[PDB]
Amino acid sequence: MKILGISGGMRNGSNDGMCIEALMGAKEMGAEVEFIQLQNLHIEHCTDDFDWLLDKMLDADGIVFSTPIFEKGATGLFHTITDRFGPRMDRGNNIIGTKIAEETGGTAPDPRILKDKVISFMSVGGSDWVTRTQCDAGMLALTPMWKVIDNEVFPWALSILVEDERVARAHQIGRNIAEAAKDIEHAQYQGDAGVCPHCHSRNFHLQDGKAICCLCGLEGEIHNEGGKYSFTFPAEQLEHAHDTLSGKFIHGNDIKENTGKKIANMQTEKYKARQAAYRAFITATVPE
Ligand SMILES: Cc1cc2nc3c(=O)[nH]c(=O)nc-3n(C[C@H](O)[C@H](O)[C@H](O)COP(=O)(O)O)c2cc1C
Ligand SMILES: O=c1cc(-c2ccc(O)cc2)oc2cc(O)cc(O)c12
Numbered sequence: 001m002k003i004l005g006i007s008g009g010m011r012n013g014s015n016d017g018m019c020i021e022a023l024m025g026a027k028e029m030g031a032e033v034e035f036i037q038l039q040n041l042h043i044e045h046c047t068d069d070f071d072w073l074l075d076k077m078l079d080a081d082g083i084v085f086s087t088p089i090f091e092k093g094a095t096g097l098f099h100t101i102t103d104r105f106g107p108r109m110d111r112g113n114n115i116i117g118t119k120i121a122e123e124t125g126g127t128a129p130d131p132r133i134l135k136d137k138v139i140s141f142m143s144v145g146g147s148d149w150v151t152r153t154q155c156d157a158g159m160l161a162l163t164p165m166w167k168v169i170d171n172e173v174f175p176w177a178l179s180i181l182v183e184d185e186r187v188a189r190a191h192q193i194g195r196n197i198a199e200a201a202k203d204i205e206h207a208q209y210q211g212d213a214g215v216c217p218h219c220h221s222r223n224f225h226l227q228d229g230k231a232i233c234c235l236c237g238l239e240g241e242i243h244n245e246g247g248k249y250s251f252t253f254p255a256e257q258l259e260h261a262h263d264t265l266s267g268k269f270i271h272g273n274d275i276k277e278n279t280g281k282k283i284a285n286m287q288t289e290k291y292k293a294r295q296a297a298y299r300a301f302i303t304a305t306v307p308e
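Residue numbers 1 to 47, 68 to 308, in the entry's author numbering, belong to the letters of the sequence shown in order.
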């Protein structure tokens, strides 16, 4: 099995070391290993080296991804790579687009795109402003539905490479990801159990009568039993979870419906007139 490790830090920084230490654990379990430093890549925002990167991810059986924490989440570059997964890696649309290709004599999209795959994440921050990065990491695996094995957070980690026990945790994440790639089907999540019995997430959006898992998006309720929190929801909701084929199909169907309504609305006079007034009112300032 091939384990691919990706670092989002500075060249030769702590994320490099944590991600390389994990590759070592993966080689210890008999995996072939490869390492990509994102600072060498040119990746444009979602309106260039991206297709190369995605191609490498497709050939790997498992991936370890180490990102720095910026403002209690992953880097803008991580977010960009998440943005740029949608058009290409959504398990839903690729199942659909494959079927349609078969049934209309289309050409069969890249098979690797639909292969099950395992992925692990480590978030390395310099202080404890780290409340959002795990959920960021999950988001990236949610679009292709890659089975997440570990999704660890490492606060107060400026000097982590001389803290042997945390370096060792990263070696164990390397182990886990290789063992899991040995049998992607029966691989099982190894990380924190968290609060969402489904997502494992600990991030929730809270309004009156509705708590929503920020990762998987079940709407449910959050219960405080003497300072311990838990998340319950109605078993209908599993049908809609954003990390299930069922919920993706629902989500994609509603997108196609509302994109048709949009295309029709853009031919009304209401739309055209309102747009024509906006252009008349003001023009965008650009740098000379
Ligand atoms: C713009 C910026 C924002 C950051 N925000 C956070 C943060 O919110 N919480 C945190 O622990 N660390 C934060 N850090 C520190 C980084 O996580 C740290 O520099 C990084 O893990 C270094 O990794 P490297 O050695 O791989 O480059 C931030 C750093 C920068 C440059
Ligand atoms: O090492 C750090 C560097 C920075 C940073 C980023 C930009 C600046 O002008 C000054 C500091 O923010 C941080 C925020 C944190 O929560 C933790 C850090 O280690 C850092």
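Where a beta carbon is used, it is the ideal one built from N, C-alpha and C, also for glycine.
Inter-residue CB distance, residue i and residue j (contact presumed, cutoff 8 Å)
i    : j    : result
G5   : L23  : 5 Å
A121 : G146 : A121 to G146, Cβ: 47 Å. No contact.
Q37  : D16  : 7 Å
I204 : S14  : About 29 Å separates the two Cβ atoms, so there is no contact after all.
Distance cut-off 7 Å: residue i Cβ against heavy atoms of ligand 2
i    : result
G158 : no
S147 : yes
Which of helix, strand or coil DSSP assigns to residue i
i    : result
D170 : strand
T153 : helix
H220 : coil
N244 : strand
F269 : helix
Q208 : coil
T127 : coil
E239 : strand
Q287 : coil
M165 : coil
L178 : coil
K292 : helix
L226 : strand
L41  : coil
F253 : coil
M18  : helix
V33  : strand
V306 : coil
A121 : helix
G146 : coil
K2   : strand
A231 : strand
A201 : helix
beta-carbon residue i near ligand 1 non-hydrogen atom, thresh 7 Å
i    : result
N113 : no
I6   : no
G9   : yes
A177 : yes
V84  : no
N15  : yes
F224 : no
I89  : yes
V173 : no
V144 : yes
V187 : no
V150 : yes
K92  : yes
Cβ-Cβ distance between residue i and residue j below 8 Å
i          : j    : result
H191       : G25  : yes
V144       : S86  : yes
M77        : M142 : no
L73        : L41  : yes
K2         : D79  : yes
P131       : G117 : no
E245       : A231 : no
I139       : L97  : no
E21        : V187 : yes
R152       : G93  : yes
residue 66 : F174 : You won't find residue 66 in this model, because the chain goes from 47 right to 68.
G267       : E256 : no
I83        : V150 : no
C233       : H218 : yes
Query - the segment 197-208 touching the segment 161-174, judged by at least three CB pairs closer than 8 Å - result: yes
Query raised in the report: At a cut of 8 Å, does the segment 255-265 reach the segment 232-243 through at least three beta carbon pairs?
Result: yes
Query raised in the report: Taking contact to mean at least 3 C-beta pairs separated by less than 8 Å, is the segment 103-123 in contact with the segment 181-198?
Result: no
**Report entry** Stretch-stretch touch, CB-based, cutoff 8 Å, three pairs: the segment 148-160 with the segment 89-103
**Finding:** yes
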